[PDB]
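Below: the structure, in structure tokens.
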Amino acid sequence: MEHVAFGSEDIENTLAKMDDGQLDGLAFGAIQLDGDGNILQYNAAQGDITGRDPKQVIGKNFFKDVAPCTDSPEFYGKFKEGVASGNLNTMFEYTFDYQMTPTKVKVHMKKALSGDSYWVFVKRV
Ligand SMILES: *C(=O)/C=C\c1ccc(O)cc1
């Protein structure tokens, strides 16, 4: 268990150092996306919440292929604006319901320290 609290202000600084095995030790779900919304990292707790096998979704497009329910102004729209603006820091509640039991969560989207990468953090509410 990596001790990082959800919503921590310097969270992007802390996760820069972690490799994929260390990300799996977090208490919350973590998804790293590129600016086109392709999945670069997907940790163990996220596969717990969503039922997806982390290895099988890396490389897929989150908005197109994996999670069509987030293809809406309320989620995807915020991402596209953060990517275009080059800055992103937003938290909101949402319901995941594609091919799974409808599940309410707290989502935290934030730009990653690194280049063109963005974080999507998820925890149950
Ligand atoms: C909507 O589609 C929300 C999210 C999501 C993520 C992964 C999987 O497997 C289903 C749904």
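Please note that chains go A, B, ... in the order of the structure tokens, that every chain numbers its residues from 1, and that ligands are numbered from 1 in the order shown.
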Can you pull out the residues contacting residue 115 (chain A)? Cut-off 9 Å, using only C-alpha atoms, and skip same-chain residues under 3 positions away; I want them as an mmCIF file with C-alpha atoms, in the first residue's frame.
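Final output, saved to around-v9.cif:
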```
data_model
loop_
_atom_site.group_PDB
_atom_site.id
_atom_site.type_symbol
_atom_site.label_atom_id
_atom_site.label_comp_id
_atom_site.auth_asym_id
_atom_site.auth_seq_id
_atom_site.Cartn_x
_atom_site.Cartn_y
_atom_site.Cartn_z
ATOM 1 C CA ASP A 34 -2.518 10.681 -23.121
ATOM 2 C CA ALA A 112 0.301 14.973 -14.878
ATOM 3 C CA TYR A 118 -3.472 13.324 -17.558
#
```
- [ ] Can you tell me which residues come within 6 Å of ligand 1 when counting only C-alpha atoms and all ligand atoms, ideally as a ChimeraX atom specification?
- [x] /A:50-52,66-70,96-99
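Going from CA of residue 110 (chain A) to CA of residue 6 (chain A) covers 11.8 Å.
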TODO: From a DSSP pass on the backbone, collect the residues of region 8-119 of chain A flagged as helix (DSSP H, G or I) and hand them back as a ChimeraX atom specification.
DONE: /A:11-16,20-23,44-50,54-57,62-66,68-70,76-85
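The residue set within 7 Å of residue 58 (chain A), counting only C-alpha atoms and dropping same-chain residues fewer than 4 places from it, reads residues 39, 40, 41, 42 and 54 of chain A.
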Next, the residues of the selection above should be written as a PDB file, in the first residue's frame with N, CA and C atoms.
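Written output follows (out00.pdb):
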```pdb
ATOM      1  N   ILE A  39      -5.388   4.969 -22.936  1.00  0.00           N
ATOM      2  CA  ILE A  39      -4.933   4.490 -21.647  1.00  0.00           C
ATOM      3  C   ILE A  39      -3.478   4.030 -21.602  1.00  0.00           C
ATOM      4  N   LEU A  40      -2.677   4.693 -20.774  1.00  0.00           N
ATOM      5  CA  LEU A  40      -1.272   4.363 -20.572  1.00  0.00           C
ATOM      6  C   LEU A  40      -1.014   3.569 -19.299  1.00  0.00           C
ATOM      7  N   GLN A  41      -1.773   3.836 -18.249  1.00  0.00           N
ATOM      8  CA  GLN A  41      -1.685   3.088 -17.004  1.00  0.00           C
ATOM      9  C   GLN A  41      -3.112   2.906 -16.453  1.00  0.00           C
ATOM     10  N   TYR A  42      -3.267   1.814 -15.741  1.00  0.00           N
ATOM     11  CA  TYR A  42      -4.576   1.404 -15.221  1.00  0.00           C
ATOM     12  C   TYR A  42      -4.271   0.512 -14.026  1.00  0.00           C
ATOM     13  N   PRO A  54      -6.681  -4.869 -15.966  1.00  0.00           N
ATOM     14  CA  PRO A  54      -5.797  -3.731 -16.262  1.00  0.00           C
ATOM     15  C   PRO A  54      -4.945  -3.928 -17.499  1.00  0.00           C
TER      16      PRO A  54
END
```
Open item on the list: Give me the residues near residue 28 (chain A) as a ChimeraX atom specification, where near means some atom within 8 Å (using only C-alpha atoms) and where sequence neighbours in that chain fewer than 3 positions away do not count.
Closed with: /A:6,45-46,121-123
Atoms to include: N, CA, C and O atoms. Write the selected residues as an mmCIF file, in the first residue's frame.
```
data_model
loop_
_atom_site.group_PDB
_atom_site.id
_atom_site.type_symbol
_atom_site.label_atom_id
_atom_site.label_comp_id
_atom_site.auth_asym_id
_atom_site.auth_seq_id
_atom_site.Cartn_x
_atom_site.Cartn_y
_atom_site.Cartn_z
ATOM 1 N N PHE A 6 -6.488 10.456 -1.520
ATOM 2 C CA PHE A 6 -7.244 10.880 -2.692
ATOM 3 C C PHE A 6 -7.414 12.400 -2.585
ATOM 4 O O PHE A 6 -7.766 12.884 -1.505
ATOM 5 N N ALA A 45 -6.716 -1.181 -8.251
ATOM 6 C CA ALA A 45 -8.025 -0.848 -7.683
ATOM 7 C C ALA A 45 -9.034 -0.402 -8.739
ATOM 8 O O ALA A 45 -10.243 -0.513 -8.574
ATOM 9 N N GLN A 46 -8.576 0.129 -9.858
ATOM 10 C CA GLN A 46 -9.533 0.541 -10.899
ATOM 11 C C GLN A 46 -10.174 -0.708 -11.496
ATOM 12 O O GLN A 46 -11.379 -0.779 -11.785
ATOM 13 N N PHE A 121 -8.445 9.836 -11.320
ATOM 14 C CA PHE A 121 -8.554 9.147 -10.037
ATOM 15 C C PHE A 121 -10.010 8.907 -9.682
ATOM 16 O O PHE A 121 -10.877 9.753 -9.885
ATOM 17 N N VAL A 122 -10.285 7.714 -9.171
ATOM 18 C CA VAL A 122 -11.603 7.216 -8.826
ATOM 19 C C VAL A 122 -11.651 6.506 -7.481
ATOM 20 O O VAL A 122 -10.825 5.642 -7.179
ATOM 21 N N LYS A 123 -12.691 6.826 -6.724
ATOM 22 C CA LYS A 123 -12.951 6.113 -5.477
ATOM 23 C C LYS A 123 -14.468 5.996 -5.307
ATOM 24 O O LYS A 123 -15.195 6.827 -5.855
#
```
Open item on the list: With distances taken over only C-alpha atoms, which residue among A:65, A:2, A:9, A:81 lies nearest residue 108 (chain A)?
Closed with: A:9
Open item on the list: Residues of chain A classed as strand (DSSP E or B) by DSSP on the backbone are to be reported as a ChimeraX atom specification.
Closed with: /A:29-34,38-42,61,89-96,103-111,117-124
- [ ] Tell me which protein, DNA and RNA residues are within 10 Å of residue 74 (chain A), counting only C-alpha atoms, leaving out same-chain ones fewer than 5 positions away, and put them as an MDAnalysis selection string.
- [x] chainID A and resid 79 92 94
Task: Option closest in space to residue 124 (chain A), from A:77, A:111, A:43, A:49 [counting only C-alpha atoms] - done: A:49
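Rounded to one decimal, CA of residue 25 (chain A) and CA of residue 82 (chain A) lie 27.4 Å from each other.
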TODO: Would you list the contacts of residue 44 (chain A) as a PyMOL selection string, taking every protein, DNA or RNA residue within 8 Å and counting only C-alpha atoms, but skipping same-chain residues closer than 3 positions in sequence?
DONE: chain A and resi 23-25+29+47-48+54
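When only C-alpha atoms are used to measure the gap to residue 31 (chain A), the shortest distance among A:61, A:85, A:90, A:72 belongs to A:61.
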